[PDB]
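Enquirer: One structure, pasted below without further comment.
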């Protein structure tokens with residue numbers, strides 16, 4: 004019971020007559036700028052002079068300018084910088100230089116949802132969040170519609186990128202931002218890495234060889250997750266051995282008890298929704314990311330890395 | 004500090020002069036029989052008359068016989084049947100028909116490690132456990170060496186299958202069996218599915234749209250696990266956004282607390298090592314697998330399946 | 004908001020042209036065979052040769068045959084044996100002998116719901132579960170409809186038995202089986218007997234005469250339950266003294282606290298729904314019912330039995 | 004099992020041909036500048052114009068310059084400023100003015116270990132941490170060795186200061202920084218002051234005169250700690266009365282229980298190692314040190330201060 008929009012719903016007329024400034028040239032900057040030019044919209048990439056990304060962008064054959072300049076001549080500014088760098092670039096280099104009635108666009112809602120960018124009341128503010158006809162759907166959301174055509178423009182932008190093919194889902198900046206932070210913290214990276222680490226340490230402390238601990242706790246994860254990707258949980262259960270399936274159904278809850286886990290995950294979500302997580306992260310970046318650099322180091326020293334590196338080398342032959 | 008053996012350590016002379024009976028024709032039977040013939044050892048597949056697998060095996064162009072017959076004329080019997088079916092086929096159709104001084108081989112140690120097969124004292128008993158030169162290493166173990174050449178034969182079998190290329194690791198039936206059950210129960214299927222389900226239910230109960238709950242808790246798992254496969258945990262951390270990395274380092278432990286999780290996983294491992302899990306599973310199969318069929322059904326009804334199916338369909342276009 | 008079917012909805016044409024084999028001759032076998040003949044369908048009772056039930060069935064004037072024979076000549080087989088004996092009789096004597104496209108019928112869903120009988124794909128599988158025009162309604166359910174007319178046939182069977190008169194309720198094998206086990210365990214036998222025993226022991230240990238403990242804790246139960254049967258709980262409250270009513274409303278919760286009781290009953294229900302109870306009971310019967318025979322004995326020795334027997338004798342005069 | 008270096012291992016040739024800028028003129032600035040000139044290396048002190056420290060440094064007969072100027076003409080910059088002031092002085096006045104291939108030196112690792120100073124890749128970065158031939162050993166550590174001679178230079182610096190005499194211990198910035206913070210928090214200041222305060226309050230609340238509470242809980246501490254300094258714990262036990270010794274051995278654990286204390290100290294250490302403490306302190310200084318000024322005041326008002334001041338005055342006569 005959700006509103007899906009396709010290529011047929013989106014009209015490239017709302018973008019093709021507009022100048023798009025792509026700020027930043029990571030994986031996202033690369034792909035955004037690439038697929039836009041190959042759909043016949045004039046793109047300029049805004050970068051800092053004499054950067055590694057400056058030369059990489061010219062090598063891909065794109066028009067490259069300083070950030071302030073790229074913005075001065077743009078109708079849509081698509082901001083594809085790290086969350087922690089966006090607010091400063093907006094204040095110093097986008098806010099003063101973006102034409103009135105212009106559009107300010109995002110791939111992530113974080114800085115707008117948590118008020119690190121308080122955009123001018125005259126701008127359109129929208130987001131296209133991607134996740157040939159490879160089946161990559163996208164989210165689209167509009168925070169602010171000054172012109173009356175933010176949503177058609179955003180939908181056109183998704184068409185011009187190739188995201189409309191598999192379907193564009195309409196949402197809000199709130200729901201995009203809060204579900205992204207939740208996934209990262211509770212499941213995708215935070216929870217999963219802790220579960221693997223506890224598995225590996227359990228076997229190694231019980232005196233099983235580290236090499237075999239690594240195979241049964243890290244290397245074999247891909248096999249399971251590929252099945253979930255293709256055919257969901259019930260497909261995954263169907264394909265695994267009955268012994269595996271029986272163990273899963275009767276001992277999974279002992280590993281990860283449902284009500285306790287749901288309680289702890291509700292606290293993770295509370296800190297996201299309350300703004301406490303955003304505050305923590307914003308302040309962390311004000312003082313040189315001490316905790317990030319400290320944790321990186323402790324986790325890079327973990328015995329699981331030595332064994333992992335040896336076995337991945339051994340397999341590459 | 005582990006003993007690795009390569010193609011150069013293995014001598015195909017120990018297998019090429021032997022008749023191999025492959026029992027069963029799942030994915031493993033298919034691959035074992037295939038790669039053996041393409042390395043010039045004479046293979047026969049033992050199957051039950053008029054089965055779906057009988058016709059599929061003839062269609063791949065293999066010599067197919069009843070199980071008793073395939074065993075009567077074999078020097079090595081490689082048993083590639085479900086754990087719960089192996090013991091009965093061994094008792095009724097392998098034990099009476101396998102030549103004295105023959106070899107009985109496995110891909111999984113479960114039935115031998117837990118005494119569901121008590122093999123004759125005259126047999127060799129060994130295992131090759133796989134996980157062109159695609160980097161698929163294997164485990165090898167020898168439970169029983171009557172001939173004095175079980176280990177060279179097993180190593181030759183791994184060569185004849187293409188498992189020697191990326192390296193063969195010598196282990197024991199105990200360590201193969203107990204680490205496999207542990208992975209399935211604590212991490213790969215049991216733990217991971219419970220963590221995803223708690224994530225998804227947390228978001229849906231908090232009023233986020235199920236479609237977006239599904240993207241941030243299930244679909245995005247593949248992206249993370251592909252990075253872990255390629256470059257381990259520290260590679261995965263390196264590639265994710267700093268916001269994701271910060272969340273992982275500061276909230277992962279809140280989702281999955283280390284000492285509590287390790288305690289519960291030690292209980293999972295205790296039930297494996299004590300034989301309690303094997304007993305539970307063996308008895309389950311004596312009475313028509315009531316719990317397996319009951320749980321399957323409850324998990325197939327879960328709301329996560331409806332939303333999963335809709336979105337996977339939508340993406341296939 | 005439930006689907007009720009009456010005599011008018013059921014067409015005896017769907018049964019009267021069919022041969023019915025009734026397997027077993029307890030209370031249910033007796034009544035099923037009886038009421039069918041008195042509605043003009045030809046019945047045969049299948050029994051083991053030279054049993055006590057064999058002679059009792061001939062004495063009621065029914066055609067009696069060995070089980071295999073009764074099945075060979077039947078279109079509908081109605082299985083009215085103890086849950087623990089059904090699976091073996093199905094495997095050895097019904098499966099080989101029941102015509103293709105035949106109907107296999109039950110009064111209880113237990114063996115089908117928990118896969119102790121895995122019925123042939125060509126059979127109809129349905130159930131009639133009864134609980157002159159005495160007001161005995163029935164449940165009806167269809168597990169498997171090969172012919173396209175399982176449900177009309179089942180409904181006809183209920184008509185031919187006299188169960189349609191007070192109404193036939195359509196349900197599923199799942200809901201019949203799981204609610205029956207729940208009632209037996211949590212309330213009807215399990216809970217109620219424990220509550221009586223705790224009452225009786227409380228009074229006797231407090232030094233009240235056992236005879237009077239027995240009257241106020243066991244004999245008087247019938248008076249209350251007859252009122253609940255006739256006029257429900259609010260009828261029962263209406264008829265009891267205001268002192269009794271006041272005590273009930275203000276101390277019932279102290280005896281049986283609501284949230285704690287509901288928690289424990291949810292665990293009883295979980296073990297039913299998960300298949301754990303079915304497994305426990307199936308395995309119990311594989312090894313000669315040690316726990317059943319042990320508990321019987323301990324409960325038959327209970328002081329409540331001596332006093333009960335004396336007072337029931339005294340009242341029969 | 005630790006690497007000790009003496010005067011004989013250190014070659015003053017690595018420092019005597021280099022210009023040293025000492026930034027700051029506390030106790031450490033004073034001593035560093037002093038002992039360097041008296042070992043024949045040319046020193047300049049960098050200070051802010053018209054400060055109290057400016058005039059005090061000229062009065063000791065040292066060449067004094069603005070910070071930017073002192074750095075422009077230096078080969079080694081020794082930073083002896085409060086931890087909270089170092090990062091700003093590095094960014095604004097050292098980073099732009101320090102010659103390429105220069106050396107940046109510290110007495111404390113805090114700002115480098117926690118990334119408040121991210122030093123240029125061309126610099127040497129090392130530390131000498133002191134704790157006639159008075160027995161003052163030193164630590165030495167090298168964070169960054171661009172020239173290939175950071176360690177000999179650092180060792181020479183320790184020689185030129187008089188720290189080599191009692192021995193220089195090679196360590197890391199990590200171990201110097203984390204052990205210093207731990208000592209301050211768990212034992213030296215944090216723990217010890219809390220233990221004294223609880224002792225004093227216990228006696229005063231029990232109605233002993235405050236003067237005598239002060240003698241038995243504060244004044245007598247010096248006697249014990251002087252013995253520990255000279256002859257360690259077993260020397261201290263040896264010199265105290267047997268009654269004191271018996272009380273210590275049988276009631277010390279009641280005051281300060283071992284496993285509980287070790288648990289709490291592991292949490293103190295965790296917050297240090299994780300970067301949480303550094304973040305807390307860095308942010309505190311961004312907003313005018315509210316907690317520091319608040320706590321100072323509450324602790325200065327404590328009744329222990331009034332009694333202390335009276336008795337110290339009384340003893341000075």
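Protein chains in written order, with the deposited numbering: chain A, 4 to 134, 157 to 342; chain B, 4 to 134, 157 to 342; chain C, 4 to 134, 157 to 342; chain D, 4 to 134, 157 to 342. Ideal Cβ placement from N, Cα and C applies to all residues, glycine included.
Could you have a look at residue 60/D and say whether DSSP puts it in helix, strand or coil?
Expert: Numbered from 1 along the fourth chain, position 57 holds the residue referred to as residue 60/D. Residue 60/D falls in the helix class under three-state DSSP.
Enquirer: With a threshold of 6 Å, establish whether the CB of residue 197/A neighbours any heavy atom of the ligand NAD.
Expert: Here there are no bound small molecules, and the ligand NAD is not part of this structure.
Enquirer: Any beta-carbon of chain B closer than 7 Å to the one on residue 308/A?
Expert: Residue mapping note: residue 308/A aligns to position 283 of the first chain, counting from 1. Cβ-Cβ to chain B under 7 Å: no for residue 308/A.
Enquirer: Taking the alpha-carbon positions, what's the residue 208/A to residue 222/B distance?
Expert: Residue numbering aside, residue 208/A sits at position 183 when the first chain is read from its first letter. Residue numbering aside, residue 222/B sits at position 197 when the second chain is read from its first letter. Distance between the alpha carbons of residue 208/A and residue 222/B is about 12 Å.
Enquirer: For residue 80/C and residue 69/B, what's the separation of their Cα atoms in angstroms?
Expert: Mapped onto the third chain, residue 80/C falls at position 77. Mapped onto the second chain, residue 69/B falls at position 66. Near 36 Å, if we compare the C-alpha coordinates of residue 69/B and residue 80/C.
Enquirer: So residue 220/A is in the alpha helix (DSSP H); what residue range does that whole segment cover?
Expert: One-based indexing of the first chain puts residue 220/A at position 195. Here the alpha helix (DSSP H) through residue 220/A covers 215-230.
Enquirer: Round the Cβ separation of residue 183/A and residue 189/A to the nearest angstrom and send it over; I've been treating them as touching at under 8 Å.
Expert: To locate residue 183/A, count along the first chain from 1; it is residue 158. To locate residue 189/A, count along the first chain from 1; it is residue 164. So it is a contact: roughly 5 Å between Cβ atoms.
Enquirer: Cutting at 8 Å between CB atoms, please list the residues of its own chain near residue 199/D, excluding the five before and the five after it.
Expert: The residue given as residue 199/D occupies position 174 in the fourth chain. For residue 199/D, where only same-chain residues beyond five positions count, the Cβ hits under 8 Å are 112, 116.
Enquirer: Among 249/B, 123/B, 181/B, which one has its Cα closest to the Cα of residue 193/B?
Expert: Residue 193/B sits at position 168 when you count from the first residue of the second chain. Nearest option by C-alpha distance: 181/B.
Enquirer: Between 27/D, 36/D, 164/D, which lies nearest to residue 9/D when the distance is taken from Cα to Cα?
Expert: For this step, residue 9/D is matched to residue 6 along the fourth chain. Ranking 27/D, 36/D, 164/D by Cα distance to residue 9/D puts 164/D first.
Enquirer: Taking the beta strand (DSSP E) that residue 131/D falls in, what are its first and last residues?
Expert: Looking up residue 131/D in the fourth chain gives position 128. It spans 127-133 - the beta strand (DSSP E) in which residue 131/D sits, taken as one unbroken run.
Enquirer: Taking the alpha-carbon of residue 63/D as reference, which of 122/D, 35/D, 130/D, 103/D has the nearest alpha-carbon?
Expert: On the fourth chain, position 60 is the one that residue 63/D refers to. Residue 63/D has its Cα closest to that of 35/D, out of 122/D, 35/D, 130/D, 103/D.
Enquirer: Can you tell me whether DSSP reads residue 265/D as helix, strand or coil?
Expert: Position 240 of the fourth chain, counted from the first residue, corresponds to residue 265/D. DSSP places residue 265/D in coil when its eight states are reduced to three.
Enquirer: Suppose the cutoff is 7 Å on Cβ atoms and the five residues either side in sequence are ignored; what does the same chain contact list for residue 210/D look like?
Expert: Here residue 210/D corresponds to residue number 185 of the fourth chain, with the count starting at 1. So the list reads 293, once near-sequence residues are dropped.
Enquirer: Does residue 316/C come out as helix, strand or coil in the three-state DSSP assignment?
Expert: The residue given as residue 316/C occupies position 291 in the third chain. Looking at residue 316/C - three-state DSSP - the assignment turns out to be helix.
Enquirer: Under 7 Å, Cβ to Cβ, is there at least one residue of chain A near residue 207/D?
Expert: Working through the fourth chain from its first residue, we reach residue 207/D at position 182. Residue 207/D does not count as touching chain A.
Enquirer: Please tell me whether residue 318/B has its Cβ less than 7 Å away from any Cβ of chain C.
Expert: As a position in the second chain, residue 318/B is number 293, starting the count at 1. Interface residue, yes.
Enquirer: Strictly by DSSP, which residues pair up with residue 68/C?
Expert: Counting from one through the third chain, the residue named residue 68/C turns up at place 65. According to DSSP, which records beta bridges pairwise, residue 68/C is partnered with 49/C.
Enquirer: If I'm right that residue 92/A touches residue 24/A with Cβ under 8 Å, what's the distance once you round it to whole angstroms?
Expert: As a position in the first chain, residue 92/A is number 89, starting the count at 1. As a position in the first chain, residue 24/A is number 21, starting the count at 1. Contact flag wrong, Cβ pair sits at about 12 Å.
Enquirer: Return yes when the Cβ of residue 129/B is within less than 7 Å of the Cβ of residue 185/B, no when it is not.
Expert: One-based indexing of the second chain puts residue 185/B at position 160. One-based indexing of the second chain puts residue 129/B at position 126. No. Outside cutoff.
Enquirer: Using the beta-carbon count (16 or more within 10 Å), is residue 267/D buried or exposed?
Expert: Locating residue 267/D in the fourth chain gives position 242, where the first residue counts as 1. The residue is exposed, with fewer than 16 neighbouring Cβ atoms inside 10 Å.
Enquirer: Using the beta-carbon of each residue, which ones in chain D are nearer than 9 Å to residue 311/A?
Expert: Taking the first chain and counting its residues from 1, the one referred to as residue 311/A is at position 286. Per Cβ cutoff of 9 Å: 307, 308, 311.
Enquirer: What's the C-alpha gap between residue 83/A and residue 27/A?
Expert: Along the first chain, read from residue 1 onward, the residue named residue 83/A stands at position 80. Along the first chain, read from residue 1 onward, the residue named residue 27/A stands at position 24. Their Cα atoms are separated by approximately 5 Å.
Enquirer: Return yes when the Cβ of residue 60/A is within less than 7 Å of the Cβ of residue 44/A, no when it is not.
Expert: In the first chain, residue 44/A corresponds to position 41, counting from 1. In the first chain, residue 60/A corresponds to position 57, counting from 1. In this structure, residue 60/A does not lie closer than 7 Å to residue 44/A by Cβ.
Enquirer: Please determine, among 177/A, 255/A, 290/A, 250/A, the residue with the shortest C-alpha to C-alpha distance to residue 230/B.
Expert: Here residue 230/B refers to the residue found at position 205 when the second chain is read from its first residue. Ranking the options by Cα distance to residue 230/B, first place goes to 290/A.
Enquirer: Could you spell out the range, first to last residue, of the alpha helix (DSSP H) harbouring residue 120/A?
Expert: Position 117 of the first chain, counted from the first residue, corresponds to residue 120/A. Note, residue 120/A: premise wrong, no alpha helix (DSSP H); not H, not E.
Enquirer: Taking residue 173/C as the reference, which of 127/C, 160/C, 131/C has the closest Cα?
Expert: For the purposes of this step, residue 173/C is identified with residue 148 of the third chain, where counting begins at 1. Measuring from the Cα of residue 173/C, the nearest candidate turns out to be 127/C.
Enquirer: Am I right that residue 3/D and residue 78/D are in contact with their C-beta atoms under 8 Å? What's the rounded C-beta distance?
Expert: Residue 3/D is absent from the model: chain D starts at 4 and stops at 342.
Enquirer: Note the first and the last residue of the continuous alpha helix (DSSP H) segment covering residue 338/B.
Expert: Residue numbering aside, residue 338/B sits at position 313 when the second chain is read from its first letter. Counting along the chain, the alpha helix (DSSP H) containing residue 338/B begins and ends at 328-341.
Enquirer: Going by alpha carbons, who is nearest to residue 124/B out of 338/B, 102/B, 159/B?
Expert: Counted from its first residue, the second chain places residue 124/B at position 121. Of the candidates 338/B, 102/B, 159/B, the one whose C-alpha sits nearest the C-alpha of residue 124/B is 102/B.
Enquirer: Looking at the C-beta of residue 119/A, does it have a partner C-beta in chain B at a distance below 7 Å?
Expert: Along the first chain, read from residue 1 onward, the residue named residue 119/A stands at position 116. False, the Cβ-Cβ gap to chain B never drops below 7 Å.
Enquirer: Would you say residue 231/D faces chain A, with C-beta separation under 7 Å as the test?
Expert: Stepping through the fourth chain from its first residue, residue 231/D is reached at position 206. Closer than 7 Å: no.
Enquirer: Kindly list, in the order they appear in chain D, the residues whose Cβ is closer than 9 Å to that of residue 85/A.
Expert: Position 82 of the first chain, counted from the first residue, corresponds to residue 85/A. Within chain D, no residue comes near residue 85/A; the closest Cβ sits about 17 Å away, beyond 9 Å.
Enquirer: From the DSSP output, in three-state form, read off residue 283/B for me.
Expert: For the purposes of this step, residue 283/B is taken as the residue at position 258 of the second chain. Residue 283/B: helix per DSSP, three-state reduction.
Enquirer: Assuming residue 313/B and residue 119/C are in contact, meaning their beta carbons sit under 8 Å apart, how far apart are those beta carbons, in whole angstroms?
Expert: Position 288 of the second chain, counting from 1, holds the residue named residue 313/B. Position 116 of the third chain, counting from 1, holds the residue named residue 119/C. Rounded, the Cβ-Cβ distance is 6 Å, consistent with contact.
Enquirer: Can the beta-carbon of residue 235/C be found less than 7 Å from the beta-carbon of residue 332/C?
Expert: If you number the third chain from 1, residue 235/C lands on position 210. If you number the third chain from 1, residue 332/C lands on position 307. Cβ atoms of residue 235/C and residue 332/C: closer than 7 Å.
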